[PDB]
Amino acid sequence: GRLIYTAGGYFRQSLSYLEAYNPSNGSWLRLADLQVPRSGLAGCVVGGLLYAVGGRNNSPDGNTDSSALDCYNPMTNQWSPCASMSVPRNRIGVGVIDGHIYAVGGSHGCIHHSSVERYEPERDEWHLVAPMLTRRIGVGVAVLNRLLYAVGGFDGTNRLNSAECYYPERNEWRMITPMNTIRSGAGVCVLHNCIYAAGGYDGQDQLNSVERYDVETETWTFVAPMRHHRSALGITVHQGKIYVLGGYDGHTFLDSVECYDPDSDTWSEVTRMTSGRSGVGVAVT
Ligand SMILES: CCOc1ccc(S(=O)(=O)Nc2cc(CC(=O)n3cccc3)c(NS(=O)(=O)c3ccc(OCC)cc3)c3ccccc23)cc1
Numbered sequence: 325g326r327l328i329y330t331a332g333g334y335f336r337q338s339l340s341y342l343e344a345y346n347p348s349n350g351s352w353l354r355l356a357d358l359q360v361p362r363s364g365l366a367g368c369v370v371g372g373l374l375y376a377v378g379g380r381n382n383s384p385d386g387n388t389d390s391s392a393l394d395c396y397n398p399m400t401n402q403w404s405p406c407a408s409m410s411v412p413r414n415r416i417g418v419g420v421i422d423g424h425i426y427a428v429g430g431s432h433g434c435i436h437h438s439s440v441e442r443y444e445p446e447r448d449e450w451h452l453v454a455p456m457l458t459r460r461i462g463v464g465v466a467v468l469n470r471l472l473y474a475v476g477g478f479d480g481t482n483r484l485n486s487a488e489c490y491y492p493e494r495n496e497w498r499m500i501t502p503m504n505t506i507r508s509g510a511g512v513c514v515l516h517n518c519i520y521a522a523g524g525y526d527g528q529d530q531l532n533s534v535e536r537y538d539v540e541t542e543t544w545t546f547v548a549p550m551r552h553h554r555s556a557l558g559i560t561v562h563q564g565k566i567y568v569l570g571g572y573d574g575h576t577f578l579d580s581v582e583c584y585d586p587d588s589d590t591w592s593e594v595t596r597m598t599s600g601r602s603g604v605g606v607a608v609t
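Residue numbers (the UniProt record's numbering): 325 to 609.
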C-alpha cells in the first residue's frame, strides 16, 4: 500500500481516531472517526479495505468489550459495520491469510480466549477454527509462509514467552520455541522472513527490547532495542522497515513513532502522532 493507518486507541478513555501517516512526505491525514470508540483492537487490510477488529470501549460511563468488525473504505472515507465475531475479543491479535481475517484470542470480561475464528469478506461470515493450545490476551500475531504465529500474551494466570504456529490447511496448532522474554502487549510483525516481537510487558516493566524469530534456525535473537519502552504499541511494516506507534511507557501515553532499519539495525524517530495513545490498531494500504 502506501499509508500507515492507525485506528482507535486509549488516552483517559477509548478513542475514535482514524489517522493516516504518509512516510513519503511526513503528512498526517485526519480521516473519519470510528462509529464506536475502542482500544485494544487490531487493524488489518484485505483487498484495499481497512478492518478494525475487536477491542473494548473504556469510557467514564462503563467498559464494554467489542465483538465488532468494522470496514473502512479509503475511497469513500466511510466506516461500515461488517458481521460481528462470535464473541467479544479485547486485546485481540489478527492476521490475514489468503484474503481471510483470523481473530486470535483476546478477552471477554474475565474470560481469556484460546478460540480463533476466521472471517471471509466475500460471505461476510465468521467461522471458528481450531483453538490455540494456550489462552492468550494481549497476543501478537504474524503471518509467514502462509502460517499464522501467535506470540506471547497472558493466559489469565501466567504471562507468556511461549508462541505457537497455526497450519490453516491442516487446521492445527503447534508450539514453537519460546521467546527470550516474557511479553504481553508487544508489537508483533514480519519483516524479511523473520518474526519480530517488540516491546510489551514482562510482568515487571514495560520493555524496549526487541527480538526476532528465524523460522529455519528455530531461534529467537535480540536486535537493537527501541528508544522508548512501550506496551500496547501499534506496529506495522512499510517499505522494508518496522514502524512502531505510541503505547504506554509506564508513565506516559506516547505519541512517538519509531522506525527500525534492518540493514543498519537501528531505530530512529520519524514523526509524532497528533496525540499520545496506546492500544491502537495499525495497518498499511
Ligand atoms: C496506567 C496505564 O493505563 C492504561 C490504560 C489503558 C491501556 S489500553 O487501552 O492500551 N489497553 C490495554 C491494557 C493492558 C493492561 C494495562 O496496561 N492496563 C492499564 C489500566 C488497566 C489495564 C494491556 N496489556 S499489557 O500491555 O500486556 C500490560 C501492561 C501492564 C500491566 O500491568 C501494570 C501493573 C499488565 C499488562 C493491553 C495489551 C494490548 C492492547 C491493549 C492493552 C493501557 C494503559
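Each residue gets a CB set at the ideal place from its N, CA and C atoms; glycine is no exception.
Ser-340 and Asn-382 have their C-alpha atoms spaced approximately 11 Å apart. For the pair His-432 and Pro-445, the CB atoms are not nearer than the 7 Å cut-off. In the assembly as shown, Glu-441 is a buried residue. Its beta-carbon has 16 or more other beta-carbons within 10 Å. Inter-segment contact for the stretch 490–507 and the stretch 387–399 is absent: fewer than three beta-carbon pairs are separated by less than 8 Å. Beta bridge pairing from DSSP links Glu-444 with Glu-449. The shortest C-alpha to C-alpha distance from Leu-484 to any of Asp-585, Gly-464, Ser-508, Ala-466 is the one to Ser-508. Selection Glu-449, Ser-592, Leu-531, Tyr-329 evaluated against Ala-556 yields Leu-531 as nearest (Cα-Cα). Distances between the C-beta of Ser-383 and the heavy atoms of ligand 1 are all 6 Å or more. By the neighbour-count criterion, in which a residue is buried when 16 or more other Cβ atoms sit within 10 angstroms of its Cβ, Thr-330 is buried. Here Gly-371 has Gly-423, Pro-445 as same chain residues with Cβ atoms under 7 Å from its own Cβ, once five neighbours each way along the sequence are excluded. Taking 6 Å as the cut-off, the C-beta of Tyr-334 counts as close to a heavy atom of ligand 1. In the displayed model, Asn-482 falls within coil according to three-state DSSP, outside both helix and strand.
Taking a contact as a CB-CB distance under 8 Å, the pair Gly-430 and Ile-416 counts as one, their CB atoms being some 4 Å apart. Counting the other Cβ atoms within 10 Å of the Cβ of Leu-358 gives 16 or more, which makes it buried.
Rounded to the nearest whole angstrom, the C-alpha separation of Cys-434 and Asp-579 is 30 Å. Around the CB of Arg-460, 16 or more other CB atoms lie within 10 Å, so the residue is classed as buried.
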